[PDB]
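Residue numbers (the authors' numbering), protein chains in the order written: chain W, 1044 to 1291; chain E, 6 to 254, 264 to 436; chain Z, 51 to 294, 303 to 789; chain Y, 746 to 894; chain V, 245 to 284, 312 to 396; chain F, 1 to 54; chain H, 61 to 120; chain D, 937 to 1035; chain U, 498 to 547. Below is one structure, written out as C-alpha cells, with a few remarks after it.
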Ligand SMILES: Nc1nc2c(ncn2[C@@H]2O[C@H](COP(=O)(O)OP(=O)(O)OP(=O)(O)O)[C@@H](O)[C@H]2O)c(=O)[nH]1
Ligand SMILES: Nc1ncnc2c1ncn2[C@@H]1O[C@H](COP(=O)(O)OP(=O)(O)OP(=O)(O)O)C[C@H]1O
Ligand SMILES: [Zn+2]
C-alpha cells in the first residue's frame, strides 16, 4: 500500500482547513511511535451537541487565549508619581467569544512564571483595567524592565490549556440531527477530557504516546488500529483488520 | 507645454568656490538648530578635510544631571591634575562633534541661493557629516588603565627601589617583504598616523545671528548684467552626448552601421556579395541619398553585371581564386564559368532549363541548383524565372551603361562558346 | 583562449623569490598556437580530430610564451618557450575544423553536421556540461529549521568567499560568521563600523512603528552591556574572534575585508557596509511579518558557468602552482648550487600543465585548493548513440545539488524556465529535475566592464548613499538601486530611470546584455551585468504595434539586413528573467493589448532540441513527451558522413534509414532530416492475435525479411603492444 | 482562499458539464467509450480531457503558484487571478493546447514524475524496516502467534 | 506632509512669499561646455571652469515640467530626496594661514537634481 | 516609545530622580523630567470569532 | 626500496625526471632513464664522485 | 495516455504520402486537421484514416474499420540479444566465493 | 509488468525438496489472491476485458 498510495493532497476530511499529514509520512510516524507528532488532532464530543452557544463556550474554555488577543490596548504610562503598564480588556469581545475571563482571572493568571512578579505589583482599579507595576529584582535588572514586560506580557495565558494551540467546532449534518464536536490541534488529551462540558467517554486522539499515557495500552492499541485503518481508507485502498491488529 | 511663466535666470559665483563647506547633522532634526548653542572653536585641516567642533552646553538648565556630570568628569579626568582636561570645571561642559567625509570629489555639487528672479550657483569645496564623537570615554578608559597600573604598583605600602633597568631591546629594522610592507601601508594605524601628522588649525565660530553672517552672505552673488551670452556652454546635443558617454576605445558578419562606416566601394561590394540581386534604385535607397548616383554606378559596375535591367554580382566576387565548391570541391574557376553561363542564358531568355544548364556545364545537380536559387525562383510548367521583373527604367536612363554591359556580355558569350564549344 | 588567458598571464606576469634579490621572471605574452602532435621526433605536425580519435591521443596545441629573466644580473630574454599543452575544442577559433567547407571536412575525415564543441583526450570525447549555481553577492531571506526567518549572504570575490548569516532566534539580530567564536548582536557591529549613534542606527534600520517595535530588543540587549564606543565594540569583536591592541586590529581587518567582501571600502570607511547591513535588517524585519520568503528555485538568481570560466579557473590555479614550484626550486638551487648562475629554463617543467589539463578533462574531478572547490562529474563521455543524442547531450545543464536530498523544490518545473530551458526534456530516473536542456532560442551573457553603466547611473541623478542618512531609505518613494549586489545608491521615480536606461540600451551606448529589473515589494532596482545570465530575444512593441514589420521581414529574407541589424535598430532586444519579471510579453499578435511591451517571436521555440522531434507535442501528455525525449536520446540511426571511418567502442546504425514524413521546423533547422534515426512504416492501430496486450506490437515477417528494421552493431577490439623498461617488447 | 475555492468549483462544474455533454453526444460503438465502459483502460475523465476539455491543472492540490512577482508568467497582468492565467486549460488535446497550458501540464507532469518516482525510496525503506521488524512472528499449532523467543 | 513638486515649490516661493531660500541642487558630472582656456581632451567640465555671469535659464512649462536651458541642450530638474535632518550651509574662509572665519550663510531644506534629457539627446540625432 | 538624546542620540531609559521620574541617558548627564501623562498604545489584534467549520 | 636511498641519489633522480619532463619525453623514456641511472649508481666509482660527475651522469 | 498527437501525425503522414508533400507538426501550430481531411477526400481515401479492411485469417471483412497510416517508428539500442543472460556455476569472487 | 523492455529474472532450483516447495507454496494456481485483502490479482487485463 505504501507504493500504491500516491500521496495526494486537498484531503481536509471535509473541513477545507487544518492540513494533516496523511499517507506514507503518517504511517511512518505511527510505526515510529514518536512522543511528539506533526499536526496532532483530538476529537471530543459534547454533552449538548445541538446548541452552538455551549459549543463555543467549551471552545473558549479549552483553547489558549493570550492577554494580547483579548485586551484592546496595553499602554506603558509613566505618571509623575510612578510608571506602570495599563491593560484595557475588551469586555465586548470577551462576551462575544463567551469567555469566562474577568479582571480577577487576569490578575490571577499574571504573576505565574513571569520573572516572579509579586501579587502586590498587579492591581485592579476599574472593571476591565489591569495595572502592573514591576520592581527592580537586583539581578542585573533595573526599573527599565517595562520593555521586557511589554514584550512577554501579551503572550501570557489567561484561560485555556497551554498545550492546546487551536480548537475548532466541527459540525456533522446527519439527516437525523446536526451535531457539534471539538477538533483540537493540541497534544494534551487529559486536559481536554478534564475540562468541563467535554464528554470524556468519547474523546479520541491521534498521538499514540498521549493515548498510551492517558487511557492505557489497550486504548493506545485501539487508537493505533483506528488511525491506520482511517489513513489507509482515505486513499481508497482497504486492508484486512487482522494485519493492523497483529502490528499493534 | 510651453514656458508660460517662471523664466528664471541662473548666475554663477566663484567668490566662495574654495571656501564653501556643507556640514550636515544626520542626528539633529531641522527643527532644532545650533544657533543658541555657544560655540568655542573648530579644529580643521586644509588637506584631508576633517573638522571637529568644540562647543559649550548649559548646566543650570533642568535637562542636566549635575551628579552624573560630576561622575563623568571624575571618570574622564583626575582629581585635581588639570594639566590635560577635557573639561575646564568638574562638569561636562564641552561637546565634541566629529566630521565624516562623504565623497572625495564634490565638483558636481553646488549650493543654489534663490532670489527674486535669479538663482546663484556656488561650487562646494567639501561636504561633511557631523556626528557626536565619543573620545572622552576612550580617555576615561586610559585613565582607568593607568589607575589600575598605579594600584598594582603601589599594592605595598613602601615600594623599594626596583632595579628594572631597561635592557637594550633594540629590535632589528628587518627588511620587510613587499607583501608585509603593503599590509602595513594599508593598515588602519598607518593611515591614522598619516592623517595625524598633518597639523591642526583652530578657527572661531560666528553664528547666523552675528552681523558677519549677513555681511558675508552677499558674496554668493556676482556682479553682472541680466542678459549675457555665455561664451562657453554652446556645444551641440551630439557633442554633449559624446562627452557624457565616451567610447570604450557567414559573409553577413558586418552590421548596417559597420557597413556604412566603410568606403562606398567596400559597401557596394559587401551588399552585392550578400544579396546578389538588387535594383539600382534599391541600392541607392539602401546606401543613402547623400551619395552620388555616378559614384554608386562606378562602384557597382566593377563588382556587378546588368541582367534584364537588374544588377547581379560577378562570379569571382562570390568565389575567390583560393575558394572551391563546398559540395563537390571543384576549383572556383569552373564555378565562375558556370555562373557566367547561367547569367548569359538568363540574359538571352527569361526561362532557363536546369537540365539543359547541367548537361551543358557538365556540372553536378547541387551546384546548378545553388546557382539557380541565387538569382531565380522555381515556376511550375515554366522552369526557372528571374526573381526580379524587367526594369526598363534604368535601361532607358543609362543607355551608355547598357551598351557597355551589352558588349561585355557579348565578350563573355564569345568566351563561353570558345570554352564549352556551344 | 583569447582574452581570459591573457588576463591571467598579466595578473601572474611577474614572479620572484625572496632570497637573492634582483632576480625575477617576467612573462610578456602567452600564445596557444594551432593544434599539433608531439609524435614526430621533436617535430610538430598538424593532426586532425579523427586521427586523434583513431590513435587514442589528445587533440591539444602547444602553449608557448615569451619571457625574460636575470641569470647573473644580465637580462636574458626568450621569444618562444613551450610551457604546456591546452586541449583545443573542436570548431573553435584556432581549431582546424573552423572556416572549412564540406569538401575539406571530407578530406579531413570529419562530418560537417557534427556539432563539435567537445574535447578529445586519449581518444574519448568528453563534454563539459553547463554547471548551475546560485547568484553570488545577494541577500537571501529564508526560514531556518526551527522556523526562524533569517537572512544569509555569500560574498564571493576574486580571492575569498565567505557566507555570513543573521538570525532572530531570540527576537534580536545575531550575526554569524565562520571567523567568530559566537554570534554577536548587530548593534555592536554597527558601533564597531563607525556609526555609534543609536539614533542613526534606528534611522538606518527604519522609521516604521513595527520596525522600531521589532528592533527594540536589540537596542535593549546592547544597552545591557557597556559597549557604547567603536573601541569597545572592536575589543569585544576581537575577543570573540577565533585564532588563525592586536585583537582590535584583527577585528577591524575582519570587519573591513573578511565580512561582506563584495562591499568595497575606500579607506576603512564602513559607510557602505553599514548601509548594506541596515538594508538587510530592514528586509529581515519586513519578512518577519507577511511570509514573503524568497525561493531558491527562482532561476532569476541563477548563474550558469560555461566551460570557459572553469577552464580559466583551472589554468589560473595551475599557473599559480607552477609559479610556486619555480620559486621553491629557485630558492633551493640559487643559494648553494655553485658559482654557475642558475636560470629557470633548466627547470621549466612543460608537462605539469599538460598533465593537469588532461586529468581534469578525463577524470572529471576538479579539486582547486586555492578556491576550496571539489567538484565531480564535470566531464562526461559524449554519447554517440545518434546525432540527436549527441546534439541533446551537448546542451545539457547540471545542478549544484547533485542528488544530495529529495527536496522536490528544484526538481520541479518553475515558471522561470519560460523560453530558456526545455520544460519537457528531462532524463527519466533518479536525475529527474536536476538535468535539464536549453531551449531552441536562448543565450548566455558574459561579463562586461560596468564602467559606462556606472557612469550613466551616476549621471542620471543617482544620489550618493554617503551624502544622506539612512532615514531616506524608509520613504515609500525612495527606491534603492543595486549594481551586482552592491548598493549603487538611491533614486526617486524609478520609472523614469528604467525608461531612460532601456532607451539607452536600445540605442546601443550600453551593452544589450545588461539587465535591469525592478521589485516594488522591496523598492529595489537591480542592474545585472555579470556573465552566465540567461537571456532571450523579444520583439519590441510600442503603442499596440510591434516594431518589426513585413517590410523588415522581406528585407531580412532578401539579405539586406540581419539579426544584428535588427538588434541595432531597436527592433529586437534581449530580455533576462528578472527583466521579463517586470515587462509584459505577448504570445501572438491578436493577444497584444494596451499593456504590452514585448512580443513572443515563436511559441514552439519553448521546446528544446530533443523535444522538437515530437510531431504535434501540444496534443500529447507531458510524461509522454518526457519518455519520447528519453528514448530519442538513445534512438538508433546514422551519426554522420564519417561513421564508416569512425571507430568507437559501441555504435548502432540502421540499414535503410528514412526521413520522417511529418517533420518539424526544429528538424529542418537542426538538419536532422539529413541524418534520420528511424523509418516510416504503414502501421494499423488494432488488436491482432492478442500478442499486443500491454504496449506490445506485432511485426510482419515479410516486412522484416525485406530489410525493415535491419540494424548493424559495430564494436571495437583494441590491443596494445608496448615496450617495458628493459629492452624487450610484446610480439 | 474563498475566491480560490469558488473558482476551482466553477472550473470543476464546467469540466463535469463538458464531460457529460461529450458522453451524451458520442454515439455507441466508439472505441474509447466502449473501453471506458468495460473498464479495460481509460475512463470518462480521460475521454473528456482528450475530447471535450482538460481539467484544472492542480499542483499540490492548488492552482499554479505565482513563479514571477505577483503572477505565474509575464504574459499575464500582475495580480491577475483569472482561470487561464492561473492554470485553466480551455482547449482540449484534440484542438491543441496553448503554450501556457502546455507549460502548466508539464509542470504538473514534472510534479507527478518526481512524486511517484522518488517517493518510492520512502516506501522501500518503510517496507525494509517493517519486514526486518516483523520477520520473527509465526503461527503455531496451538492457534497462538508467538515470536522467536 | 504631501510630496511637493519643483514647479509648485518655485511658485509658492516666488508668488506666495518673497523671502529668499537656500537650495541645494545636484548637477551632472560633465556640463555641456568646454573649459575656457584651462589647458584641456573631452575632459569633465564643472562649475570650477566656468566664469561668472548668466550661464543658463530655468523654464517651467505646463503640466509641471521644470527644465534648465544651459545652452543648446535642456536638462530636467526634479525633487531629490526629502531631507528632514538639520543642514547648515557654512563658508570656512581661511583668510590667514593661522586663523580663519566660519560664516553660517543659512539653512538648507530642499534638494534638487538636474538630469540630462537623454530622450531628447537621442531623438535629436 | 523609543526616545533618543538630542545631544548624542543614544537610547533614553526611564529612571527615578530626586523629584520625579525622568528620561535619562547612560552616556551623558542629559535628563528630561516628566510633566504630563505620556502613553504609548499598540492596539494588539484581537482574536476574531472563529465560526463553525462545515 | 626508496628507503635505502641517500639525498644525493634522490636529487639525481629528481634532476633526471625534471630534464626528461622538460624535454617532453614519454614516461617510458623517464622510466628507462631512472633505471639506467640506478644501474650506474650501483657502482662505487660513480657513487662517490664529483657533483659535476653526477650531473654528467644524469646527462649521459 | 491521451496521445491524440500520434493520430494527428498518422493522418498528416497519410495525407503527405498521398499528395506528395511534407506536412509540418510544429508545436502550437502546423497543418490543421481540416487540410489533411481535404487532402484525403480529394485523393479518394476516408477523411478519418479508417479504411475498409478484410481479415487475412478468415478472409471475411471486419465489423469495424481499421486505422491505417504511416507512422515514423524508430528502433532503440535495447536489444534482447544483448540483454539475454544465463549464468551457470561460472567463476566467483576472491573475497567472497559468490558469483 | 507492462512489456516495455522490463528485464525479469529466472531461477532453477537445484534440489527436489526446493522444487516441490516452490511448486506447492509458490504455485500460480494457489496464489491467485493476495493476502492483503483477498482480492484476486491474476485475472483479465486490457485486450481481454474489452
Ligand atoms: N547505464 C548506466 N548509466 C550510468 C551509470 N553511472 C552513471 N551513469 C550515467 O552517467 C552518470 C553518472 O556517472 P557517474 O556516477 O558520475 O560516474 P562516477 O560515479 O563519477 O565514476 P566515479 O568517479 O568513479 O564515481 C548519470 O547521469 C547516468 O545517466 C551506470 O552505472 N549505468
Ligand atoms: N526506481 C524504481 N523503483 C522501482 N520500480 C521502478 C523504478 N523505476 C521504474 N520502475 C518500474 O517501472 C514501472 C513504472 O511505470 P509507471 O510509473 O507505472 O508508468 P509510467 O512510467 O508513468 O508510464 P507513463 O508515463 O504513465 O506512460 C513500475 C516499476 O516496476
Ligand atoms: Zn544621551
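Quick reminder that beta carbons are idealized off the backbone N, C-alpha and C, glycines included.
Exercise for the section: Kindly list, in the order they appear in chain D, the residues whose Cβ is closer than 7 angstroms to that of residue 604/Z. Expected result: Numbered from 1 along the third chain, position 546 holds the residue referred to as residue 604/Z. Result: empty, since nearest Cβ-Cβ is about 18 angstroms, beyond 7 angstroms.
Practice task
Sort out for me which residues DSSP pairs residue 14/E with in a bridge.
Solution key: Taking the first residue of the second chain as position 1, residue 14/E is located at position 9. 123/E, 328/V, per the DSSP bridge assignment.
Problem - Secondary structure of residue 844/Y, DSSP reduced to three states - result: Translated into positions along the fourth chain, residue 844/Y becomes position 99. Three-state DSSP puts residue 844/Y in a helix.
Exercise for the section: Would you list, in chain order, the members of the stretch 15–27 of chain F that have their beta-carbon closer than 8 angstroms to a beta-carbon of chain Z? Expected result: 26, 27
Handout entry: residue 1230/W, buried or exposed, once every other Cβ within 10 Å from all chains shown has been counted against 16
Key = As a first step, residue 1230/W must be located in the first chain, where it is residue number 187. Buried, because 16 or more other Cβ atoms sit within 10 Å of the Cβ of residue 1230/W.
Handout entry: Contact residues within the stretch 229–242 of chain E, judged by C-beta distance below 9 angstroms to chain F
Key = none
Handout entry: Inter-stretch contact (C-beta, 8 angstroms, three-pair minimum) for the stretch 187–195 of chain Z and the stretch 110–123 of chain Z
Key = no
Exercise for the section: With DSSP collapsed to three states, give me the class of residue 881/Y. Expected result: Against the fourth chain, residue 881/Y aligns to sequence position 136. Correct three-state label for residue 881/Y: coil.
Exercise for the section: Report the neighbours of residue 275/V on chain E: residues whose CB is nearer than 8 angstroms to its CB, in chain order. Expected result: Translated into the one-based positions of the fifth chain, residue 275/V becomes position 31. Simply 238.
Handout entry: Cβ of residue 30/F within 8 angstroms of any chain E Cβ
Key = On the sixth chain, residue 30/F is found 30 positions in, with the first residue counted as 1. Output row for residue 30/F: interface = yes.
Handout entry: Whole runs of the beta strand (DSSP E) within the stretch 117–204 of chain Z, excluding any shorter than 3 residues
Key = 125–137, 169–171, 174–178, 180–184, 189–193
Problem - Bridge partners - residue 207/E, DSSP secondary structure assignment - result: Taking the second chain and counting its residues from 1, one reaches residue 207/E at position 202. Paired residue(s): 48/E.
Handout entry: Nearest to residue 263/Z (by Cα), restricted to the options 1201/W, 1191/W, 1259/W
Key = Along the third chain, read from residue 1 onward, the residue named residue 263/Z stands at position 213. Ranking the options by Cα distance to residue 263/Z, first place goes to 1191/W.
Problem - Every unbroken alpha helix (DSSP H) inside the stretch 1225–1262 of chain W [4 residues or more] - result: 1232–1237, 1251–1258
Exercise for the section: Indicate, with yes or no, if ligand 1 has a heavy atom lying under 7 angstroms from the CB of residue 450/Z. Expected result: Within the third chain, residue 450/Z is the residue found at index 392, counting from 1. False, no ligand heavy atom lies under 7 angstroms from that Cβ.
Problem - Exercise answer, beta-carbon shell around ligand 3 heavy atoms below 6 angstroms - result: 5/F, 7/F, 8/F, 10/F, 25/F, 27/F, 28/F, 30/F
Exercise for the section: At 7 angstroms on the CB atoms, spell out the chain H contacts of residue 729/Z, in chain order. Expected result: The sequence position of residue 729/Z within the third chain is 671, counting from 1. Within chain H, no residue comes near residue 729/Z; the closest Cβ sits about 41 angstroms away, beyond 7 angstroms.
Exercise for the section: Would you mind reading off the limits of the alpha helix (DSSP H) that contains residue 91/H? Expected result: For this step, residue 91/H is matched to residue 31 along the seventh chain. 87–101 is the extent of the alpha helix (DSSP H) around residue 91/H.
Exercise for the section: Answer yes or no: does any C-beta atom of chain U fall closer than 8 angstroms to that of residue 1281/W? Expected result: As a first step, residue 1281/W is located in the first chain; it is residue number 238 there, counting from the start. So yes, residue 1281/W belongs to the interface.
Practice task
Over the uninterrupted alpha helix (DSSP H) stretch that includes residue 350/E, give me the two end residues.
Solution key: Counting from 1 along the second chain, the entry for residue 350/E is found at position 336. Counting along the chain, the alpha helix (DSSP H) containing residue 350/E begins and ends at 346–362.
Problem - Contacts around residue 77/Z, its chain only, beta-carbon distance under 6 angstroms, and the 5 residues preceding and following it disregarded - result: By one-based count along the third chain, residue 77/Z stands at place 27. So the list reads 59, 63, 115, 117, once near-sequence residues are dropped.
Practice task
Rounded to whole angstroms, what's the CA-CA distance from residue 754/Y to residue 811/Y? Just pull it up for me.
Solution key: Working through the fourth chain from its first residue, we reach residue 754/Y at position 9. Working through the fourth chain from its first residue, we reach residue 811/Y at position 66. Those two C-alpha atoms are separated by around 20 angstroms.
Problem - Selection from 583/Z, 133/Z, 635/Z that minimises the alpha carbon distance to residue 380/Z - result: Start at 1 with the first residue of the third chain, and residue 380/Z comes out as number 322. Closest option to residue 380/Z, Cα to Cα, is 133/Z.
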